[PDB]
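Step one of this worksheet: look at the structure below.
What follows draws every value from the coordinates through simple rules; no lab data is involved. FYI the Cβ positions are ideal-geometry reconstructions off the backbone, even for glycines, and counts take in every protein chain you see.
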Amino acid sequence: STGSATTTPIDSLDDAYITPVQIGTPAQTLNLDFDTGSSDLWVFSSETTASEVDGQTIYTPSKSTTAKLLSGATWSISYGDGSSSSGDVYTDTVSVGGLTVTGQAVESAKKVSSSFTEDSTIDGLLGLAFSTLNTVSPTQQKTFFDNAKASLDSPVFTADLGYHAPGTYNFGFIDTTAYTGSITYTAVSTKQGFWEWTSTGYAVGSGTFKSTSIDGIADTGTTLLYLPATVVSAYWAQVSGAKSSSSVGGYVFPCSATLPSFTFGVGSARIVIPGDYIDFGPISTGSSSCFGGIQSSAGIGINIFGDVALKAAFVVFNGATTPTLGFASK
Ligand SMILES: C#CCN(C)Cc1nc(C2(O)CCNCC2)cs1
């Protein structure tokens, strides 16, 4: 089997991407944030605290003839931004772009933190990291990808995120028309449950390439590119007036600036992030200070190749017995 679904930015900044997901019988379509940095499929639901729902579409298991309560199973998760959610668990039929998994654990939120309530466009998350990170207790549950793997034509999914434009998640096949050149595959460590890999270095703008190992995770659920402070300082030093602002919480730059590109290494290959992809717009409406898309990872403990990096590439999440990551230019 295969599946293919379009993913769409939630706003003009590409803060996150939503993909329609069919849950239950008859189908209830929710727009979920596909997150390769976590491993829970959770949704706003009829059980979510009413004061914590503000415009989201909810999953109602009582209206699904295929829903079954997963008795005694609960879940509780926290993300890098301090957001959180928790609730009960059902199993139900879940379809993405024509690919159907029966008996998928669908984690129904009883509580969500404020950042989820405030984002009326995201109805939940669909985790695509390794199932060892799934938070369901006492019986840990498999991700949608893990459950689908045996049925897929090939045990892979691909992320082709757009720049201020829709893109595509494909399951079970590699669309050889979607990228230029070849896909360079690189080793993955699953020891922390992430799609964790090692970039071979970087360049800023037209500068020469600096060969250096940068361990990090491929995370479609993180907006920005978080890299070591040395690398990030070398990037922003090329932008007149750029500086790290403790009040804003990161590097800012004059909105009048045109930004240099940023290149990261994948083996001997190179992915070039155009400078415009690094511009996240005014810090507040009307401000002439703009927020940078490359930020320091020093406070988080891990480097994150988030959407800023991944949207410059066609990215293969290869879930073969020895998982690997592939990157192609596009
Ligand atoms: C701060 C800090 C330390 N870590 C929690 C930082 C991290 N946060 C994550 C994510 O939550 C980011 C969003 N997508 C899912 C994974 C992975 S590592």
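Per Stokes-Einstein, at 10 °C and 1.306 mPa s, what whole-number D in µm² s⁻¹ belongs to the stretch 175-330, with the Kirkwood radius over Cα pairs as the hydrodynamic radius?
The calculation lands on 99 µm²/s.
Please report, in debye to the nearest 20, how large the charge dipole of the stretch 5-174 is about its Cα centre when each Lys and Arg carries +1 at its beta carbon and each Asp and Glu carries -1 there.
In debye, rounded to 20, the stretch 5-174 gives about 680.
Which of 46, 6, 258 sits farthest toward the positive end of the charge dipole of the chain, with +1 on the Cβ of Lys and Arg and -1 on the Cβ of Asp and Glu?
Result: 258, furthest along the dipole toward the positive end.
Return the Rg/Rh value of the stretch 1-83, two decimal places, where both radii are evaluated on C-alpha atoms and Rh is the Kirkwood radius.
0.96
Treat each spin label as a single point 7 Å out from the Cα along the C-beta direction, and report the residue 258 to residue 62 distance in nm.
Taking the simple label geometry, residue 258 and residue 62 are separated by 6.0 nm.
Where the Cα atoms of the chain are projected onto their three principal axes, how long is each span, largest first, in whole Å?
Principal-axis extents of the Cα atoms in the chain, largest first: 59, 43, 32 Å.
Magnitude of the Cβ-charge dipole of the stretch 96-173, K/R +1 and D/E -1, about the Cα centre, nearest 20 debye?
Here the size comes out at about 260 debye.
Gap in Å between the Cα centre of the stretch 186-262 and the Cα centre of the stretch 39-92?
34
May I have the extent of the alpha carbons of the stretch 5-174 along their three principal axes, as whole Å values ordered from largest to smallest?
38, 37, 30
For the stretch 158-217, what are Rg and Dmax over the alpha carbons, in angstrom?
14.6, 38
Within the set 191/243; 63/330; 68/330; 63/191; 63/311; 63/142, which residue pairs have Cα atoms separated by over 32 Å?
As for pairs spanning more than 32 Å Cα to Cα, those are 191/243; 63/330; 68/330; 63/191; 63/311.
Give me Rg/Rg_expected for the stretch 111-249, where Rg uses Cα atoms only and Rg_expected = 2.2 N^0.38 Å with N residues.
For the stretch 111-249, the normalised Cα radius of gyration comes out at 1.30.
Quote the charge dipole size of the chain about the Cα centre in Debye, to the nearest 20; the model charges only the Cβ of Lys and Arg (+1) and of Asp and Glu (-1).
Dipole size: approximately 640 debye.
Can you tell which of 93, 26, 144 lies farthest toward the positive end of the dipole of the chain, using +1 and -1 charges on the Cβ of basic and acidic side chains (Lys, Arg; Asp, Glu)?
So the residue we want is 144.
Hey, could you get me the Stokes-Einstein D for the stretch 241-330, Kirkwood radius over alpha-carbon pairs, 25 °C and 0.890 mPa s, rounded to whole µm² s⁻¹?
166
Based solely on C-alpha atoms, express the radius of gyration and the Dmax of the stretch 80-153 in angstrom.
13.3, 40
Where both partners of a DSSP beta bridge lie in the chain, what percent of those bridges are antiparallel, to the nearest 5?
Within the chain, antiparallel bridges account for around 90 percent of the total.
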